[PDB]
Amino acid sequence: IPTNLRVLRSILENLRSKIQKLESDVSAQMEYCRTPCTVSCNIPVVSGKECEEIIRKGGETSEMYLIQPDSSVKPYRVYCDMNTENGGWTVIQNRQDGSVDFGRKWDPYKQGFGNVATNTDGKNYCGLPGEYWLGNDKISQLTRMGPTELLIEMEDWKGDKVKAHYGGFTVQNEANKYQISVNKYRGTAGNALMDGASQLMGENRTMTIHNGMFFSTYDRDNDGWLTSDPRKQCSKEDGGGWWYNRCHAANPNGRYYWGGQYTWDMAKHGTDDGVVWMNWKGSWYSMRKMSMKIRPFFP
């Protein structure tokens, strides 16, 4: 009868302390943020329209390179993968350690964000990639230069890898809400972009297909979810800028859960908002590594 008061009081005090720990941690991080992290990436001599051209010009090592897709836009930095599947892959998206926040507004996702590359343990060039999103405008311009194939790669917290390859990939411009289109799939990860989550059925599965979807950010709703409640937005609940439908089969720009396994009660909104790819691990497993790479498609 009384043990009730006993217990409760015990928890409300334990929690009071948990709040103490957290308040400390947040306060400490705020101090470390008075100064920024840094890098020094000396620029490679060789350059080109994109990584494919650069590798055909002799750039055989994976590192940061400067590219100029077109004489209109000023040259910009990007990370080239020159080893995977014969190289020439231009990374446009990369997740690997939760170092960068992906819950950003529309402008940042348009302009691009994150760290393209970091210094290789004691070296003058940045041979390692950081976590980043290239930028919708840039990604759009790259895919509309000519046929483009997309390579999505991932790995779990145990070290297993799978991949989703798309022979055709295009992203329209801002005026077209960065509309996406993909085709000619193949791989071991599961065709989540075209066929939606294979664990769902009929209507349910269909609303998780990304192919053809527009892009959304928590401050710009363009998802395939008609509602009135300003809080029922895919981008808001699954925290990330993506081509959400209603809502997703794949959430590559989701929240980076350490360890991998997570549950509905850990999620800020109770939704599977992690670095997910349902067709392979379901909606409650966040990948340790996830990335997107494009390359000119030579039939």
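Counting begins at 1, following the sequence as shown. If you superpose the two forms and keep the largest set of C-alpha atoms that fall within 1.5 Å, you have the rigid core.
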{"property": "Which of 84-92 and 223-231 strays further in 4 other deposited structures of this protein - Cα RMS after rigid core alignment", "result": "223-231"}
{"property": "Stretch departing more from the displayed form, 288-296 or 4-12, Cα RMS in 4 other deposited structures of this protein (core fit)", "result": "4-12"}
{"property": "Higher-scoring stretch by recorded Cα B factor average, 12-20 or 281-289", "result": "12-20"}
{"property": "133-141 set against 154-162, stretch whose average Cα temperature factor tops the other in the entry", "result": "154-162"}
{"property": "Residue of maximum C-alpha B factor among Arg255, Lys49, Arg56, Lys232, per deposited coordinates", "result": "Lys232"}
{"property": "Which of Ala175, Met201, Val171, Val116 ranks first by CA B-factor in the deposited coordinates", "result": "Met201"}
{"property": "Chain thirds of CA B-factor: placement of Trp264", "result": "highest"}
{"property": "Cα B factor band for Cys247 (lowest, middle or highest third within the chain)", "result": "highest"}
{"property": "Chain-relative CA temperature factor third for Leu226", "result": "highest"}
{"property": "Ranked C-alpha temperature factor of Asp101 among modelled chain residues, by third", "result": "lowest"}
{"property": "Relative C-alpha B-factor of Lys74, binned into the chain's lowest, middle or highest third", "result": "highest"}
